[PDB]
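# Observations on the model geometry
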Amino acid sequence: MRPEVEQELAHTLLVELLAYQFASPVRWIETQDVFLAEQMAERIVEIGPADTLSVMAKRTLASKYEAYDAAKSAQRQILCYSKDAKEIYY
Amino acid sequence: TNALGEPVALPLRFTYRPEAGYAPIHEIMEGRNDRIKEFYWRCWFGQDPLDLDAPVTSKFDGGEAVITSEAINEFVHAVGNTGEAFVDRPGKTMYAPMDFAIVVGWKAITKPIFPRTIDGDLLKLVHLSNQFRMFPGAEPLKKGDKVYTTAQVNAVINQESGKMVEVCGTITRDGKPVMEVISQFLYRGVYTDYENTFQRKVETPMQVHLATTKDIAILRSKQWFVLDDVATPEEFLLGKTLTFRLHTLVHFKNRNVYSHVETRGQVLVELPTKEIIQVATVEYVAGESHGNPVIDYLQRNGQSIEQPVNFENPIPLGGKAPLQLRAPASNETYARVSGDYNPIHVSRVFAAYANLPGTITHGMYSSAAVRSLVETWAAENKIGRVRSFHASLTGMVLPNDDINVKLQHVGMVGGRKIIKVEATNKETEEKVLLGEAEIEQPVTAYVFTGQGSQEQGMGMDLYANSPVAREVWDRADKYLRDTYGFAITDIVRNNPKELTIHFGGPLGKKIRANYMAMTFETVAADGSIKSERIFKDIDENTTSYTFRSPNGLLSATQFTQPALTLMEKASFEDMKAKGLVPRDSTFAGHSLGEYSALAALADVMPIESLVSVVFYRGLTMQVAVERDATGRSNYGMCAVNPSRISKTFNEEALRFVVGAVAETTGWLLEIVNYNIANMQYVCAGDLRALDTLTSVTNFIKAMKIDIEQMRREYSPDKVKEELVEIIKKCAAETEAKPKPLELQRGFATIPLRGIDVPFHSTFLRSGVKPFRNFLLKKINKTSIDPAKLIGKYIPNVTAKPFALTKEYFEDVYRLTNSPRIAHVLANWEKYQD
Amino acid sequence: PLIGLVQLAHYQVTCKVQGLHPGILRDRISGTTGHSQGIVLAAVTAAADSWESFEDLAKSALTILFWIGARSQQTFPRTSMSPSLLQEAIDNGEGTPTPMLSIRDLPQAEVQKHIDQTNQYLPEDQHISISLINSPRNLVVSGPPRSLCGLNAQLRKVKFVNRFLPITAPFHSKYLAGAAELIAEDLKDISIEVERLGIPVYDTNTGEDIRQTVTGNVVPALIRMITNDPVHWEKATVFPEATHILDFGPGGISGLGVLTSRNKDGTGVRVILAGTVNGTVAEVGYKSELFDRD
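Per the deposited record, the coordinates in this entry were obtained by cryo-EM to a resolution of 4.47 Å.

Here it is, written out as structure tokens:
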């Protein structure tokens, strides 16, 4: 694919995704699965005023990935911007 | 013993002169360095052919080497290292420590010291420093790797202390470079031969931004700035950052003056496609000079493409104790495992002749030994996270010496840690090694959150203390004031209830026109599309308008959305400015947070477009819902927790019940957020449908109905029939309740108060077309970098890494039924050609 | 090997002081056993008949104990540690993590329950197990030090005494099964025939006299008892109609003799610490009681 073509397809696809998003369900379980299982994110940061998705990720880990992380020796760091400042910034 | 296990002799020659009776012994200096070089060659390479006349500009080959467990084990155990990845423990893949690069590169790296053009006494040679560097994306060496090493002389420089020779060896695996090893050697002595002295330097990739014609006139003054396409206009470069990739070769006339400056390379532009080209060559020569005007200019007018965010507080590091080390007795053990069979490390007579205090422990041993601490503590004993490691060998070591080490982390670069290293002899306190490691953070992913987290004053501390965060807010305020007549910071700081925009004057007329132009399309019951203006109250005759919110305007969706997203963006820009963010973190954002994630990591839209989008989104979603004379909607949302019904009640059972309620009643009811498996879902719909769902789930729990058991014992239709009778009863009870219907907390259902729009439900599909048309005006194609999206962005709709493949477009078509995606798919071949 | 040498030296002194040669002293003893590596010294002293045989039997024991230690350590190397795990054990008074964890004053059933709970989250190659049963509330659990840290973290919630032992390989566990094969090859030329053993020598796992269960060379059984088989110390030390037990093991009042004395409390058995010149524990005897002629 030529870069102009990739940029065109990316522009069209991104605009369609966003155009439908507010009229389509949020599939956040599967989103977390991509992060925790597929992409092997050792650390996840919630940007935001509150730790809402950090709390969700904690629960998902404990309910679904604890044995998986133990088997892979994976150690996970879930951090929220408004709580974990000196960690995120040293 | 030599590399072949055979004895080898160094012949020193003298003339006896009894006529010179006070000093009758004269050393024969002629050919002395050649005899020494031949001896060292036989020591390290045995019977390999010696070429003393090999050009210093040539490439030196080290040959093919296969990395074996035994070679690793002896090296690793000799350097005393519990590097778990390097252990061939049961079930574990076996890796090689980065120091082992010296073993496989030794032949290539040492050959360049032998040429006669590099005149120097090897008995007086000192190894000054060694540097390891892994190529970007290159994975650790392991048991079974086949590697090839080639080396080149970067520099030959006469210094006060001696002749310095810098050699760079490149280790390649499967035809690709994996690691560079740079070694600096010093022949101690006084050298005045400048004819073979040179330095090759890869210059910093520099940048200069041509804000003004004056800058470009300054640039095009330079005869060495040789434009490529000279028909390219001067102001083609106006407002462009030129990027400069340059290599400099200098030869020395004497200590202070070049015999020849040569300096060349490429000056580069990024095109609107985001493709890059050269638009000028750099073509400079001086012969002699007191500097190099090209480079002198760049340091004075431009900047490196990367810089270290050095900490003001150096972080102390180590294990649980301060770290200390020891030289063993047998330098021969290291000489063996390394293949550095150099006698001065091991032989009394050679050490004594070389005027050493004794036979010396190899600096490479010390380097590896120290880097074991480095990896163990600075990289948490995780090998691939170490990317590059420098070590200046600043003091001498001998058998049974003892050593103190300290490690500190003192800055960031591109999401990588900056670590400095000092090793000092414990008894003499002298520095023996100084060094530096760059190390990866853990694999990090970035998450942005939904509406509902907003608070008064959010982000204002950053606004006060961070210039980059402040700029995000100031740009937003300027745009929103110029376009819509308000400042978002005023709303965030004060959370006022009410606010009037005045359309007085030319600016006010423009602001009013922007509001007049705001519309949303509704699908009437006959299927016809009716456009309706958002600001029905405003018209060409309206002089002013007032926003209102009793919980404060920060609680109003149209302002909540901008405010939150700006705060997130400002946060992330501060972090990015502090260099905390790795190159390839992946990302997502829960409903609204998605836009922030895209704006923050993918830069798909500028701040002005971002705030426009999320303001318009908030407005459109409020007006898409029909409201009664008191402004109330008949819609809401409920969080549902299946595990609170029974242990067997899962996501499928919830989907079955929600679908059955929706189908039986004809009311809108859909699962719109899938947050935590079998624990947290959100349903959006008609208040009656949500109340009926609450009653049905309460009934299922109270009667201990096991839907999964019923689905195993009965046909799906029979399970549905039993549920339908329960649903009809619950729906009749719901309709008998007083209006307005107030949602109550159930055993498994929790109403989300204050949400009166069924977000993410199919009800809002009518708004997709006008909102798409708005997005197309706010997101420019040329702004898109696919490399920021592909694999890295995960959309909420697909919940998969973003990809430009036919299969991904087919999946998006299946989920959205988009006519535009269908058109792309029906013409897919045109995009493959 | 060095712990073997200490015990051999104490035996040699006990015979020399009394003017015996080894056979005579052995013929005064009703039977013997030895806690883990101790069983080798129990065996060679039961095989001894004279100073002349005792000298070669000592060399034999040292060869056996050496190759056991060597191949065990080779088969199960140590690995590196995080600052947290290290200091966690230290700060909680558990000592440095090692492949063997002592647990005292907790019943075997409760220890097993915590082990089972821990192993549910571990792959099979990381499973921990009870390897020594010293008494009904004195146990040792063997396996990966990290797995043992996980067990300690669970025990902390309900906390008896738990401490890592200064032992560098997981003896009496599946983790040395391969090592046993290597050791057998290294020791193929060393034989101690069962017919040599003029007194009962009791199996550390079963408590049976090995002269009734082994045929020919006992060295493979000795290896197995140390590498693979769990120790059941109360079974191994039933010692019918015992009045006295002579402890040749190292460590005195901190050694195996005081443990055995506690297991024998109320049974009429006095344990004498043969290595210890004197001490303050009244429940045991000291080196003088071996030589006193009153």
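Anyway, onward from the coordinates.
## A short note on the environment of B:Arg348
Mapped onto the fold, B:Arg348 is located in helix α7 (residues 348-353). Separated by 11 residues in sequence, B:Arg348 and B:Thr359 have C-alpha atoms that sit 6.3 Å apart.

## Some points on the sheet that holds strand β28 (residues 669-676) of chain B
Taken together, the 4 strands give an open sheet; going across it, the order is β28-β29-β27-β30 (chain B), and neighbouring strands pair in antiparallel fashion. Of all the strands in the sheet, the pair left with one neighbour each is β28 and β30 (749-751) of chain B. Strand-to-strand twist across the sheet, computed as the mean angle between neighbouring axes with direction ignored, equals 25°. Two elements, strand β27 (residues 635-640) of chain B and β30(B), share 3 bridges in a ladder whose sense is antiparallel. Bridge pairing in β30(B) links B:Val640 to B:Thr749. Lying on the sheet, helix α2 (residues 28-38) of chain A is in contact with β28 and β29 (680-686) of chain B; it crosses β28(B) at an angle near 25°.

## Describing empty space enclosed by the protein
Here the largest cavity defines a volume of roughly 130 Å³. Taken together, 14 residues make up the lining of the largest cavity; nearest its centre are B:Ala96, B:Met98, B:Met134, B:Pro140 and B:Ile383. Broken down by secondary-structure element, the contributors of at least two residues to the lining of the largest cavity are α8 (363-378) and β17 (386-393) of chain B. Its residues placed into classes, the lining of the largest cavity shows 10 nonpolar, 1 polar and 3 charged. Roughly 100 Å³ of internal volume is contained in the second largest cavity. What lines the second largest cavity is A:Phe22, B:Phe520, B:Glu521, B:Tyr616, B:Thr620, B:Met621, B:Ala624, B:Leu764, B:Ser766, B:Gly767, B:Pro770 and B:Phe771. Of all the elements in the fold, those that place two or more residues in the lining of the second largest cavity are β23 (519-523), α15 (607-623) and α20 (768-778) of chain B. A total of 3 residues in the lining of the second largest cavity trace back to one element, the largest contributor, which is α15(B). A class-by-class count of the residues in the lining of the second largest cavity yields 8 nonpolar, 3 polar and 1 charged.

## With respect to the interface of chain B and chain A
Taken residue by residue, the interface counts 101 residues in chain B and 57 residues in chain A. Interface of chain B and chain A: buried area, both sides summed, is about 7,000 Å²; carbon and sulfur atoms make up 69% of it. It is B:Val447, B:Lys781 and B:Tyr831 in chain B that bury the most area against chain A; as a group they hold 10% of the surface buried on that side. Where chain B meets chain A, there are 3 salt bridges. In this structure, the salt-bridge partner of A:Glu16 is B:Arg772, at a minimum N-O distance of 2.5 Å. Here chain B is connected to chain A by 34 residue pairs in polar contact. Here the side of chain B that touches chain A takes 7 residues from helix α13 (residues 557-577) of chain B, the largest share from any one element. Among the residues making up the side of chain B that touches chain A, the classes are represented as 58 nonpolar, 28 polar and 15 charged. Pairing geometry for strand β1 (residues 43-47) of chain A and strand β21 (residues 444-448) of chain B, over 5 bridges, is parallel. Counterpart to A:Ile44 in the pairing with β21(B) is B:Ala445.

## Observations regarding the environment of B:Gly685
Residues and elements named next belong to chain B. Secondary-structure assignment places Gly685 in strand β29. When the C-alpha atoms of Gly685 and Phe763 are compared, they prove to be 8.7 Å apart, with 78 residues separating the residues in sequence. For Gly685, the contacting residues outside a window of four places in its chain are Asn634, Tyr635, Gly636, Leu668, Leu669, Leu690 and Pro758.

## What to know about the pairing of strand β20 (residues 431-440) of chain B
All names here are of chain B. As paired strands, β17 and β20 are joined by 7 bridges and run antiparallel to one another. If you follow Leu393 over to β20, its bridge partner there is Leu433. Direction of pairing for strand β19 (residues 416-425) relative to β20: antiparallel, over a ladder of 9 bridges. Each residue of the ladder has a partner; that of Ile419, found in β20, is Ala437. Hairpin connection between β19 and β20: a loop of 5 residues separates the two successive antiparallel strands, and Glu429 in this loop has a positive phi of roughly 65°.

## Digging into the pairing of strand β7 (residues 270-273) of chain C
Residue and element names in this part refer to chain C. The pairing of strand β6 (residues 244-247) with β7 spans 4 bridges and is parallel. Counted as the bridge partner of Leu246 is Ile272 from β7. At this point the chain moves from β6, through helix α12 (residues 256-263), to the parallel β7, and the crossover so formed is right-handed. Examined bridge by bridge, β7 and strand β8 (residues 284-285) share 2 bridges and lie parallel to one another. Across the sheet, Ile272 pairs through a bridge with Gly285, a residue of β8.

## A look at the sheet that holds β6(C)
By way of backbone hydrogen bonds, the strands of a sheet pair with one another, either parallel or antiparallel. Residues and elements named next belong to chain C. Strand order in this open sheet of 3 strands is β6-β7-β8, and the pairing throughout is parallel. Each edge of the open sheet carries a strand with a single partner, namely β6 and β8. Across the sheet, α12 touches β6, β7 and β8, and the angle it forms with β7 is around 175°.

## A closer look at the pattern of salt bridges
Tallied over the full model, the rule gives 61 salt bridges over all chains. Between A:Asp69 and A:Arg76 there is a salt bridge, with the nearest N and O atoms lying 2.8 Å from each other. Accessibility assignment for this pair places A:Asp69 and A:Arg76 in one class, buried. Among the salt bridges present, the one from B:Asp402 reaches B:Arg326, with a minimum N-O distance of 2.7 Å. Residue B:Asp402 is located in strand β18 (residues 402-413), and its partner B:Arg326 is located in strand β16 (residues 323-326); the two are separated by 76 residues in the primary sequence.

Conventions and cut-offs
- Residues numbered from 1 in each chain as written, not as in the entry; some residues may be left out.
- Chains lettered and ligands numbered in written order.
- Part of a larger assembly, values for the part shown.
- Heavy atoms only, no water.
- Helix = DSSP H or I, 4+ residues; strand = E, 2+ residues; numbered from the N terminus.
- Pairing = 2+ DSSP bridges.
- Axes fitted to C-alpha atoms, helices over the stretch in contact; angles between N-to-C directions.
- Contact = heavy atoms within 4.5 Å.
- 1 Å grid on protein atoms, 1.4 Å probe; cavity = no way out; pocket = protein on both sides within 12 Å on 5 of 7 lines; lining within 4 Å.
- Points joined across faces, edges and corners; volume = space filled by probe spheres on them.
- Nonpolar A, V, L, I, M, F, W, Y, C, P; charged D, E, K, R; others polar.
- Buried area = accessible area lost by both parts, 1.4 Å probe.
- Salt bridge = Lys/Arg side-chain N within 4 Å of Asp/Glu carboxyl O.
- Polar contact = N/O pair within 3.5 Å; in protein donor to acceptor, adjacent residues only side chain to side chain.
- Right-handed = clockwise from strand over helix to strand, strands pointing away.
- Buried < 20%, exposed > 50% of the residue type's maximum accessible area, 1.4 Å probe, protein only.

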